[PDB]
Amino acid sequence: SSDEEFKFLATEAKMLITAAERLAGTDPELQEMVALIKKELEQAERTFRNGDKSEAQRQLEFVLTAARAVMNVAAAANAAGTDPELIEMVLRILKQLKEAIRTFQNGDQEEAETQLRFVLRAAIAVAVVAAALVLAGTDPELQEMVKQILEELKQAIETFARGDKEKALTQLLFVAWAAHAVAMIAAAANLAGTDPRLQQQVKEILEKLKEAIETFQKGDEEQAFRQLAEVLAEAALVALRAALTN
């Protein structure tokens, strides 16, 4: 569609791969996925130099989203440490990413792009959840919430594999925001320290997040999504307040 956009896409794609290669470390599964996506990047470059440029761009745009996914998965695998629940989720997201790449190579591009839209959001959510658990430290209330978000992401991935992609997409949207909220609450509690004023505001916002999850599980989706958007804003503000004290 444009030579200028191709070079721009190729530059960021190599950047995601370079970071993914480093974050993958010694894990053979992460290294295999990065090399697989890297070979798809170089295949799109040969097609741009030789054959169809508009087709090479569509392959590059797919490669870009796969590179960002594998980089978040690799970052999630590092922060996950030895937690089996997080490690298990990294494996499920990796397998679905590999299947989507095969589906794109096979020619079913619409299905593969539909799959990666779900895979990319799940990869970012598990990275944010993994960082939240690390930031939570030894706080039991924070670890319980992070574990509660993890199982919700597990149900969304399983619902997607069952066939109901629409319901799984709605659940993954809720999981993605609840993950971003708990990561800021955990960062707030870390930055608060021994300050009793900020540590009290963290518990209150943490209670509002649990209520938003309970609203989603009950059935009121419209009210649950509104409650979560409010919790995320408050979590960012309390994290800003705590960081200003340091």
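The first residue of the sequence shown is number 1, and the count goes up from there.
As listed in the deposited structure, the average C-alpha B-factor of 196-204 and of 60-68 is greater for 196-204. For the pair 220-228 and 15-23, the mean B factor over Cα atoms is greater in 220-228. When the C-alpha B-factors of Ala183, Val34, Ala189, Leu41 are ranked from the entry, the top spot goes to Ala189.
Taking the deposited Cα B-factors for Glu99, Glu113, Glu85, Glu144, the highest one is held by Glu144. Ranked by C-alpha B-factor against the other modelled residues of its chain, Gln155 falls in the middle third.
In the PDB entry, a CA B factor belonging to the highest third of its chain's modelled residues is recorded for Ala161. In the deposited entry, the Cα temperature factor of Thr138 places it in the highest third of its chain's modelled residues.
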